Structures are given as C-alpha cells and as structure tokens.
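Novice: Got a file for you: work-v4.cif, mmCIF, C-alpha atoms; chains and numbers go by the auth columns.
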```
data_coords
#
loop_
_atom_site.group_PDB
_atom_site.id
_atom_site.type_symbol
_atom_site.label_atom_id
_atom_site.label_comp_id
_atom_site.label_asym_id
_atom_site.label_seq_id
_atom_site.Cartn_x
_atom_site.Cartn_y
_atom_site.Cartn_z
_atom_site.B_iso_or_equiv
_atom_site.auth_seq_id
_atom_site.auth_asym_id
ATOM 1 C CA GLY A 1 49.486 -13.691 44.045 0.00 1 D
ATOM 2 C CA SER A 2 51.676 -14.484 41.046 0.00 2 D
ATOM 3 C CA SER A 3 52.622 -17.522 38.963 0.00 3 D
ATOM 4 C CA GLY A 4 56.096 -19.030 38.796 0.00 4 D
ATOM 5 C CA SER A 5 56.666 -21.613 36.072 0.00 5 D
ATOM 6 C CA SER A 6 53.218 -22.108 34.546 0.00 6 D
ATOM 7 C CA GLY A 7 50.128 -19.924 34.805 0.00 7 D
ATOM 8 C CA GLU A 8 47.799 -22.506 33.281 0.00 8 D
ATOM 9 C CA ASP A 9 46.175 -24.941 35.709 0.00 9 D
ATOM 10 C CA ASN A 10 45.733 -28.172 33.750 0.00 10 D
ATOM 11 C CA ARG A 11 45.091 -30.550 36.648 0.00 11 D
ATOM 12 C CA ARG A 12 43.181 -33.323 34.880 0.00 12 D
ATOM 13 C CA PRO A 13 41.356 -36.096 36.786 0.00 13 D
ATOM 14 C CA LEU A 14 42.451 -39.729 37.053 0.00 14 D
ATOM 15 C CA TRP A 15 39.264 -41.800 36.933 0.00 15 D
ATOM 16 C CA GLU A 16 37.007 -41.981 33.877 0.00 16 D
ATOM 17 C CA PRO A 17 33.731 -40.104 33.251 0.00 17 D
ATOM 18 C CA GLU A 18 32.223 -43.423 32.169 0.00 18 D
ATOM 19 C CA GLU A 19 32.931 -45.480 35.289 0.00 19 D
ATOM 20 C CA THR A 20 30.911 -44.801 38.440 0.00 20 D
ATOM 21 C CA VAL A 21 33.100 -42.894 40.898 0.00 21 D
ATOM 22 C CA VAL A 22 31.869 -42.295 44.447 0.00 22 D
ATOM 23 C CA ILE A 23 33.339 -40.367 47.376 0.00 23 D
ATOM 24 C CA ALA A 24 33.241 -40.832 51.148 0.00 24 D
ATOM 25 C CA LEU A 25 31.899 -37.926 53.204 0.00 25 D
ATOM 26 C CA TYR A 26 33.603 -39.266 56.329 0.00 26 D
ATOM 27 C CA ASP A 27 36.423 -41.657 57.221 0.00 27 D
ATOM 28 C CA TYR A 28 34.639 -44.934 57.957 0.00 28 D
ATOM 29 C CA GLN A 29 36.360 -47.527 60.143 0.00 29 D
ATOM 30 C CA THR A 30 35.707 -51.186 60.952 0.00 30 D
ATOM 31 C CA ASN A 31 37.258 -54.154 62.754 0.00 31 D
ATOM 32 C CA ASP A 32 36.206 -56.711 60.142 0.00 32 D
ATOM 33 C CA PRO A 33 38.205 -57.943 57.120 0.00 33 D
ATOM 34 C CA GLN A 34 35.136 -58.197 54.887 0.00 34 D
ATOM 35 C CA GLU A 35 34.575 -54.489 55.521 0.00 35 D
ATOM 36 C CA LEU A 36 36.731 -51.652 54.190 0.00 36 D
ATOM 37 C CA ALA A 37 37.674 -48.391 55.906 0.00 37 D
ATOM 38 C CA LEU A 38 36.725 -45.435 53.709 0.00 38 D
ATOM 39 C CA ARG A 39 38.608 -42.129 53.751 0.00 39 D
ATOM 40 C CA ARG A 40 37.090 -38.657 54.077 0.00 40 D
ATOM 41 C CA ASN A 41 37.370 -36.744 50.800 0.00 41 D
ATOM 42 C CA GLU A 42 38.487 -39.815 48.853 0.00 42 D
ATOM 43 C CA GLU A 43 36.989 -41.232 45.656 0.00 43 D
ATOM 44 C CA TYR A 44 36.389 -44.941 45.060 0.00 44 D
ATOM 45 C CA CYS A 45 35.552 -47.118 42.056 0.00 45 D
ATOM 46 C CA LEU A 46 32.121 -48.722 42.408 0.00 46 D
ATOM 47 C CA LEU A 47 32.593 -52.437 41.736 0.00 47 D
ATOM 48 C CA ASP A 48 29.006 -53.599 42.234 0.00 48 D
ATOM 49 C CA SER A 49 25.948 -52.203 44.014 0.00 49 D
ATOM 50 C CA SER A 50 24.453 -55.661 44.541 0.00 50 D
ATOM 51 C CA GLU A 51 23.188 -54.528 47.944 0.00 51 D
ATOM 52 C CA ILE A 52 21.676 -51.208 49.019 0.00 52 D
ATOM 53 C CA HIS A 53 22.989 -50.425 52.503 0.00 53 D
ATOM 54 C CA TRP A 54 26.325 -52.011 51.598 0.00 54 D
ATOM 55 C CA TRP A 55 28.136 -51.251 48.341 0.00 55 D
ATOM 56 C CA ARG A 56 31.211 -53.031 46.984 0.00 56 D
ATOM 57 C CA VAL A 57 33.931 -50.540 46.052 0.00 57 D
ATOM 58 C CA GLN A 58 37.704 -50.477 45.582 0.00 58 D
ATOM 59 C CA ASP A 59 40.374 -48.050 46.783 0.00 59 D
ATOM 60 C CA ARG A 60 42.996 -46.366 44.603 0.00 60 D
ATOM 61 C CA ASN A 61 45.600 -48.758 46.008 0.00 61 D
ATOM 62 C CA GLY A 62 43.574 -51.957 45.797 0.00 62 D
ATOM 63 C CA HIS A 63 41.392 -52.340 48.881 0.00 63 D
ATOM 64 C CA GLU A 64 37.802 -53.498 48.396 0.00 64 D
ATOM 65 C CA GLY A 65 35.044 -54.379 50.845 0.00 65 D
ATOM 66 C CA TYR A 66 31.595 -53.538 52.191 0.00 66 D
ATOM 67 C CA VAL A 67 30.924 -49.898 53.068 0.00 67 D
ATOM 68 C CA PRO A 68 27.882 -47.829 54.123 0.00 68 D
ATOM 69 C CA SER A 69 26.478 -46.361 50.907 0.00 69 D
ATOM 70 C CA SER A 70 25.542 -43.440 53.157 0.00 70 D
ATOM 71 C CA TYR A 71 29.184 -42.347 53.271 0.00 71 D
ATOM 72 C CA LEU A 72 29.629 -42.871 49.530 0.00 72 D
ATOM 73 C CA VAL A 73 28.347 -40.119 47.238 0.00 73 D
ATOM 74 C CA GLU A 74 27.835 -39.823 43.482 0.00 74 D
ATOM 75 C CA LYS A 75 30.405 -37.405 42.064 0.00 75 D
ATOM 76 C CA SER A 76 28.185 -34.376 41.460 0.00 76 D
ATOM 77 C CA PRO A 77 27.498 -33.748 37.747 0.00 77 D
ATOM 78 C CA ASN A 78 29.450 -31.167 35.748 0.00 78 D
ATOM 79 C CA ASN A 79 29.372 -29.844 32.183 0.00 79 D
ATOM 80 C CA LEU A 80 27.046 -32.739 31.355 0.00 80 D
ATOM 81 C CA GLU A 81 23.875 -32.209 29.323 0.00 81 D
ATOM 82 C CA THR A 82 21.972 -35.462 29.835 0.00 82 D
ATOM 83 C CA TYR A 83 18.525 -36.386 31.150 0.00 83 D
ATOM 84 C CA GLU A 84 17.656 -39.718 32.764 0.00 84 D
ATOM 85 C CA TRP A 85 14.073 -40.310 31.637 0.00 85 D
#
```
Please express the file's structure as structure tokens.
Specialist:
Amino acid sequence: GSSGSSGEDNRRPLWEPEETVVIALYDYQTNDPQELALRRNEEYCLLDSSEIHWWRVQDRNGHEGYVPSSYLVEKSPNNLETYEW
C-alpha cells in the first residue's frame, strides 16, 4: 500500500472523554415511541442511568428513549491512568 495526499492519520473523535459515551453491540428495534432503536457499532450519549435495565440515551441526530443497557457498552478505556477506589 501507499499514501496519496497525506500519510498521517489524524482521525480525531467527536464526543468528549469527560461525557459518558456508550455503544450498542447490536441493532435494537422496538414498536414503541418511548423506546429507541439502537444501531450496531454506534455510540450514544448517556443522558441518565436512572434505571438499570433501561438507560436513557441520545443518538447523534437527536433521538432519545429507553434501551436495554445490555446492548449499550462502556467505551473501553485507553491511554488512561486512573483507578476507581
């Protein structure tokens, strides 16, 4: 392989390392308005974890609702030296 215009991959993220960002392992679907359909391999801003089985999140476009925390996952840690004790 060979580069073309730029040989330096500087693809920075969008969300913030401070806000809780979760991702859906699978594309969840529902027939209720109160519920939101998650997308496989898609991050989501955690609004409030009031409940346990159901977490309130928001899409990148602006779609919030109740989703199965099971699908949502905590963006694995990286280059972060911190201990929760």
Novice: Please evaluate the PyMOL selection byres ((chain D and resi 30-43) around 12) against the displayed coordinates and give the resulting residues as a PyMOL selection string.
Specialist: chain D and resi 13-16+19-29+44-46+54-76
Novice: Mind pulling up the distance from atom CA of residue 81 of chain D to atom CA of residue 11 of chain D?
Specialist: 22.5 Å
Novice: By how many Å are atom CA of residue 51 of chain D and atom CA of residue 17 of chain D apart?
Specialist: 23.1 Å
Novice: Could you jot down the atom CA of residue 83 of chain D to atom CA of residue 49 of chain D separation for me, Å, one decimal place?
Specialist: 21.7 Å
